[PDB]
Amino acid sequence: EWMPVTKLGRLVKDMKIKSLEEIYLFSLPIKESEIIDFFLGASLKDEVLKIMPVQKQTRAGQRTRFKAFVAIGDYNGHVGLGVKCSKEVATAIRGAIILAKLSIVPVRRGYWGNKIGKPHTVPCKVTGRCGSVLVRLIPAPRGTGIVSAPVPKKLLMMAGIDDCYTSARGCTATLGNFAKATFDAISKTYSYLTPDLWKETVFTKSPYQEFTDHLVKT
Amino acid sequence: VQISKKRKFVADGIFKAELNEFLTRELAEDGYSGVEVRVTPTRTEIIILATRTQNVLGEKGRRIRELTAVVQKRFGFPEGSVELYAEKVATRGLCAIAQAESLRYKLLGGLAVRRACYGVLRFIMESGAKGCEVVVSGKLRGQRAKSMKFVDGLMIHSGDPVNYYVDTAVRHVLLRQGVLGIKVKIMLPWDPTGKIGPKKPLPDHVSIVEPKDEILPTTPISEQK
Amino acid sequence: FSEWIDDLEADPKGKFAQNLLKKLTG
RNA sequence: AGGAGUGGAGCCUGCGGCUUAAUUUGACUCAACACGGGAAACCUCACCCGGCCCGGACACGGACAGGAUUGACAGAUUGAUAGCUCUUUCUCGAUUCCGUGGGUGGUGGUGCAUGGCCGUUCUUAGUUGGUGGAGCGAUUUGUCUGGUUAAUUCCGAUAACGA
RNA sequence: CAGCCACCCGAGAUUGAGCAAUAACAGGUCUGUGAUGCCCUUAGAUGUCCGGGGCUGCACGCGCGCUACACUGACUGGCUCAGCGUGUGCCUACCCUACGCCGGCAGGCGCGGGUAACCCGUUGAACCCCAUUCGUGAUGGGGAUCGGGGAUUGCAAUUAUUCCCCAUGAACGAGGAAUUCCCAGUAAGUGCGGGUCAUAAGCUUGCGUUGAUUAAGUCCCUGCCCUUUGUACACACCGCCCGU
């Protein structure tokens, strides 16, 4: 049984928030994975990208921890990446799944050429950066699939991107930086100002303001 | 026939040790956990605790009678004054001997030693113990031997509470490549009214009863009876 | 299942290290 | 500050060189050398000699039902009272003998393949999660400039808080 | 503030130990293991059997204590007092000590006091309050080195290992550079029960016993820790590495 700890968690549990998009619209930090389980926890698939043993030198031996890099996301419009380090591999994977749920971002999908049907690719060329690793996503024609390395391909497929060209530069052999750079590129899709987003924003009531009475009275 | 009290006490302790050694060498395959002794005027009974009661009994109840005659013949006591019962443990989770033997017989049968250790740790933590550690030492991968640990919960290692709050069990697994040492430390939880754990708390633990919320009086309001 | 996880934690940099790390997910 | 007073100078288990058959070794700073709870004729005896039962159960071959040990005084003599081995054959009744092993036992080795137990770091005051913050990351903070305490003991400061 | 230093009071204003964390050492123990793996085994043995056989053998130094150096005491006795505890046996024969006598000694025989604080024992132990010598010493202390006499568990005590009397008896004026352990019933001097053991201690342990001034501080000689810092070390300075 989920007992919310934050105001956003209370609003989500009490069915005051009707989708993840109202939370995204106000950039509110999601600090409970149960919110993500509530909103997408019927289509989310997890995948451990890597288990990496890191070591800290000590007086009488090397202390070894394991870092789990886990990608998550329903294969439509949402993806997250989580990196968690712990002394136990199972605990690391559990923490990484929780962290990937906490970092799920909306993915903007667009059209390569003409706009028949549902969006299938990235709206424009986006670039993500992480420690000398540069990952570029380029819109591709329908039916080409993901033209990428396996590590960015996993995240692009979990993001719902049907087809996309990619370019990589740097030390992509470091899976963590590669994954974080492609996650940055994916998350920059909705932060890009395209001419279809020039329409003035019609501000609405924030969840904390539109259900302030419910929070007070519950 | 009789001897002074100190010598009789040490002899009874020796007999208890002999009994426990023979039993743990015999019935550890049947999930043997522990033994105890009761003494009545001119009579002595010995009780056992083991997980699989039907397996430890055997067929026709032959093993109990056979072993009883064995101990009666071993220790030279007056015949017919020894009887051995058939009892099961309160739980196999909070007993260090039982879980040590479970790990032992998971190890002998052929299984990744760390899988068995992980399984025993999970079984302990679903049993409700306040914490444990298990150490499996020996030759696992290669010719060198590295002692290997697993801990969960919290364990205390000092003071008087370790006398009753911590149960210690050391055992050996015999393997074709070598002998594996298994040490198990279990921490019983604060368990009054049932004595599965200690009836007394940790001496450093102070608990405060919550204040009771009552209506603060304003004026004397009494009713005649 | 957890057999690979457990045998990996015994020897993180042993002979059976890349094999087990790959067997976890690849 | 010094106090029993150290090695000092005879006589200690003890160690180290110690021929001889072996003076046996195991253990070289504190963390070996009155240690192995070691003041030893015998159980401390491991090591130098001659005998004691083979502690040999499956396969396969012998006199194959009479196969072979204890039989105080003399004789074969590293015991004449161990017939231990002899021309003689001085005694239970067939579980005694030999060969490829076999299951055996070795205070025989490897503690530098392992257990457990102990010593030691270290009986000082150290050690580590969870959530949060920082870093791409290994990691870091918490676990600190100070005061205080026997003490990471607690104050206090404080991106840490709570353990 | 957390605390510290004094005083009133109080038995006590810091009693002493036991346990004692991460993570480790190729530390020790295959001579505890009937816990043991793999080579050495498989009778020309790698055991109890005679115990017959030995660390009780020697040209010097390191390594844990006592006697000693005295007029700080050996010394005749006048003596008044301990604590901890093992103690007559389902193969466990080995037990601590009084009545009468003998003998300097080891012991003896009748029941023997012991299922316990009844028995040892109001544990009549060490120094000192005194009593001849020494009155300032190599001797009477140091009997440490060689004679001879006895008993109780020993099949055997030779290399008297084990327990008493007689005499010839040796440096010994603060003991080498250099060092070990020490804070209040404490360093020490003394006896007792054990692991020792067939009575068995020069070791250790535990116990009392009479019992002490420098010390209430600090970081020098010695170390361990912490922080900063440097690193080409990470098998981690017993590292790494250069050239002939």
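Residue numbering restarts at 1 for every chain, and letters A, B, ... go by the order of the sequence lines. Worth knowing before you read on, the calculation uses all heavy atoms, side chains too, and leaves out hydrogens, waters and symmetry mates.
Taking the 5' to 3' direction, RNA chain E first and last meets chain B under 4.0 angstrom from a heavy atom at E:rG18 to E:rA116.
Closest of all the heavy-atom pairs between B:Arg141 and C:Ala10 is NH1-CB, 4.1 Å. Residue B:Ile47 comes nearest to B:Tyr85 through the heavy atom pair CG2-CB, 3.7 Å, listed as atom of the first residue, atom of the second, then distance. Across every non-hydrogen atom of B:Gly128 and B:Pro189, the tightest pair is O-CG, 4.0 Å. The minimum heavy-atom distance linking B:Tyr105 with B:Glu29 is given by the pair OH-N, 3.1 Å. Scanning all heavy atoms of the two residues, the minimum distance from B:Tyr32 to B:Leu27 falls at CB-O, 3.1 Å. Closest non-hydrogen pair, A:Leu44 versus A:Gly73, comes out as CD2-CA, 3.6 Å.
Remark: E:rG206 does not pair with E:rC101, failing the Watson-Crick or G-U wobble criterion at under 3.5 Å for both atom pairs. Pairing between E:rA106 and E:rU222: absent (Watson-Crick or G-U wobble, both distances under 3.5 Å). The bases E:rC242 and E:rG149 are not paired as Watson-Crick or G-U wobble with both atom distances under 3.5 Å. No Watson-Crick or G-U wobble pair links E:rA212 with E:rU196 with both defining distances under 3.5 Å. Pairing between D:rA163 and D:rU128: present (Watson-Crick or G-U wobble, both distances under 3.5 Å). Between E:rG63 and E:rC111, the two key atom distances do not both fall under 3.5 Å in a Watson-Crick or G-U wobble layout, so no such pair is counted.
Counting heavy atoms from C-beta outward, B:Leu121 and B:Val134 have side chains that approach closer than 4.5 Å. Within the 4.5 Å cutoff, the side chain of A:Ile51 has heavy atoms near those of the A:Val48 side chain. Residues B:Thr68 and B:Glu83 are not in side-chain contact: their nearest non-hydrogen atoms beyond the backbone lie 4.5 Å or more apart.
The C1'-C2'-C3'-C4' dihedral of E:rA177 is positive. Its furanose therefore counts as north. At D:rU87 the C1'-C2'-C3'-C4' dihedral is positive, so the sugar adopts a north, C3'-endo-type conformation. Judged by the sign of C1'-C2'-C3'-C4', the sugar at E:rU48 is north, the angle being positive. Here E:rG65 has a north sugar; its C1'-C2'-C3'-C4' angle has a plus sign. From the dihedral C1'-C2'-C3'-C4', which is positive here, one reads the pucker of E:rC19 as north, toward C3'-endo.
Residue B:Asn163 is out of contact with every strand shown, counting any heavy-atom pair closer than 4.0 Å. A:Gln55 comes within 4.0 angstrom of the backbone, heavy atoms only, and of no base. Across all strands, B:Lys5 comes closer than 4.0 Å to no nucleic acid atom at all (heavy-atom distances). Using a 4.0 Å heavy-atom cutoff across all strands shown, B:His157 reaches sugar-phosphate atoms only and no base atom. Residue B:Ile156 is classed as having no contact, given no heavy-atom separation below 4.0 Å to the nucleic acid. Counting any heavy atom pair closer than 4.0 Å across all strands shown, B:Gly76 reaches a base atom.
Judged by distance alone, the side chains of C:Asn19 and C:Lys23 do bring a donor and an acceptor atom under 3.5 Å apart. Donor-acceptor pairing under 3.5 Å is recorded for the side chains of C:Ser2 and B:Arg115.
Residues of residues 108-137 of chain B that place a heavy atom closer than 4.0 Å to RNA chain D, in numerical order, are B:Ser137. Of all the residues in residues 23-50 of chain B, not one reaches under 4.0 Å from RNA chain D with any non-hydrogen atom.
Across E:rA160 and E:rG147, the matching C1' atoms stand 13 Å from one another, rounded to whole Å. For E:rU210 and E:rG141, the P atoms lie 31 Å apart once the distance is rounded to whole Å.
Residue pairs that meet the salt bridge (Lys or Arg N to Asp or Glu O under 4.0 Å) test with at least one member in residues 182-191 of chain A, sequence neighbours left out, do not exist here. Residue pairs meeting the salt bridge (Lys or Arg N to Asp or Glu O under 4.0 Å) criterion with at least one partner in residues 93-103 of chain A, sequence neighbours excluded, are A:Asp37-A:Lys101. Pairs passing the side chain to side chain donor-acceptor pair (under 3.5 Å) check and including a residue from residues 44-56 of chain A, sequence neighbours excluded, read A:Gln55-A:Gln62, A:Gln55-A:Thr64.
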With a cut-off of 3.5 Å and sequence neighbours excluded, list every side-chain donor-acceptor pair involving residues 4-11 of chain A.
unit_1	atom_1	unit_2	atom_2	d
A:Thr6	OG1	A:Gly9	N	3.4
A:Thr6	OG1	A:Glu32	OE2	2.3
A:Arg10	NE	A:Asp14	OD1	3.2
A:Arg10	NH2	A:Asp14	OD1	2.4

Can you give each donor-acceptor pair under 3.5 Å made by side-chain atoms of residues 169-188 of chain B, sequence neighbours left out, with the distance rounded to 0.1 Å?
unit_1	atom_1	unit_2	atom_2	d
B:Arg171	NE	B:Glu101	OE2	3.0

Expected list for residues 171-183 of chain A: side-chain donor-acceptor pairs under 3.5 angstrom, two or more places apart:
unit_1	atom_1	unit_2	atom_2	d
A:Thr174	OG1	A:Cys171	O	3.0
A:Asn177	ND2	A:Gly131	O	3.2

Side-chain donor-acceptor contacts of residues 147-166 of chain B below 3.5 Å, not counting sequence neighbours, with atom names and distances?
unit_1	atom_1	unit_2	atom_2	d
B:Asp152	OD2	B:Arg122	NH2	3.3
B:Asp160	OD1	B:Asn163	ND2	2.8
B:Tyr165	OH	B:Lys200	O	2.8

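Computed from coordinates, the A:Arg63 CZ to D:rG126 P distance equals 19 Å when rounded to whole Å. As rounded to whole Å, 13 Å separates atom P of D:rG137 from atom CG of A:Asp184. Counting to the nearest Å, the P atom of D:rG162 and the CG atom of B:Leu154 are 19 Å from each other. Between the CZ atom of A:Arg65 and the P atom of D:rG129 there is a distance of 7 Å, rounded to whole Å.
Heavy-atom distances to RNA chain D give each of A:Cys130 and A:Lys84 a nearest nucleotide, and the one nearer the 5′ end belongs to A:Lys84. Residues A:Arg59 and B:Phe75 both approach RNA chain E. Their nearest nucleotides, taken by heavy-atom distance, put B:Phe75 toward the 5′ side. With RNA chain E read from its 5' end, the first of the two nearest nucleotides for B:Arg176 and B:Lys149 is the one closest to B:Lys149.
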Protein and nucleotides 110-113 of chain D: nitrogen or oxygen contacts under 3.5 angstrom:
unit_1	atom_1	unit_2	atom_2	d
D:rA113	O3'	B:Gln143	O	2.9
D:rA113	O2'	B:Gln143	O	2.3
D:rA113	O2'	B:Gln143	NE2	3.0

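The listed nucleotides are D:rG116, D:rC136, D:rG130; the one nearest the side chain of A:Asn177 is D:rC136. The side chain of A:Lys67 lies closest to D:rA138 when the candidates are D:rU140, D:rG116, D:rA138.
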Between protein and nucleotides 104-109 of chain D, map the contacts as a letter string: B base, S sugar-phosphate only, - none, heavy atoms under 4.0 Å, written 5' to 3'.
------
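Under the rule of centres below 5.5 angstrom and planes below 30 degrees, the bases of E:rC226 and E:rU227 are stacked.
At least one donor-acceptor pair under 3.5 Å links the side chain of B:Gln99 to the backbone N or O of B:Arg92.
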